[PDB]
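Notes follow the structure.
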Amino acid sequence: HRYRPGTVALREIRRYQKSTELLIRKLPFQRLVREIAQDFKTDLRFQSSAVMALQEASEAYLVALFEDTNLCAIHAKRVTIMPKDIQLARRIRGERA
DNA sequence: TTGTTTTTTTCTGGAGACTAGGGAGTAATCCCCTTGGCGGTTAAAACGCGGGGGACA
């Protein structure tokens with residue numbers, strides 16, 4: 039049959055909140071880090087541990103930001119997060135101007 | 001029958017070349033290593049379709 043929209047989303051929320059493994063596949067993230075670093079200094083080498091630490095910090099920060107975004111969206115009587123939500127959360131945080 | 005002497009035998013400066021080996025230099029080969037190709041394995045990001053839900057007024 040068909041699951042009504044919004045139920046499988048709750049199932050994934052339950053699934054991913056019980057687990058800790060990283061949600062971004064490694065190699066694209068590593069290539070993105072390498073590209074970003076290249077603009078600061080050339081012919082650079084990275085320890086896999088450094089790259090893993092970068093991924094852990096980035097994913098945790100993104101999860102916290104998504105939590106704040108969901109809270110902001112709920113405050114607007116809304117269920118869907120939209121860019122203004124991220125913007126407001128970042129603004130109140132003080133990272134974005 | 002013994003010992004002194006005779007005699008025999010053993011011992012006692014310069015030039016013009018050549019080759020051959022050792023240290024340093026170059027480059028090459030075999031083994032290993034890095035990288036790319038062939039062969040297999042498929043979950044999923046994107047795209048489509050259809051329907052439920054809420055954003056906005």
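Counting from 39, one number per residue, gives the positions in the first sequence under the entry's author numbering.
Where is the CB? At the ideal position from N, CA and C, for every residue including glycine.
For residue 85, the secondary structure class from DSSP, reduced to helix, strand or coil, is coil. A direct Cα-Cα distance of roughly 12 Å separates residue 111 from residue 103. In this structure, DSSP gives residue 49 a helical state, which the three-state scheme calls helix.
With a 10 Å radius around the Cβ and a threshold of 16 neighbouring Cβ atoms, residue 95 comes out exposed. For residue 60, the CB contacts under 7 Å within the same chain, skipping 5 residues up- and downstream, are 93, 97 in chain order.
Here the C-alpha atom of residue 57 lies approximately 13 Å from the C-alpha atom of residue 101.
In this structure, residue 114 sits away from residue 106, with a CB-CB distance that is not shorter than 9 Å.
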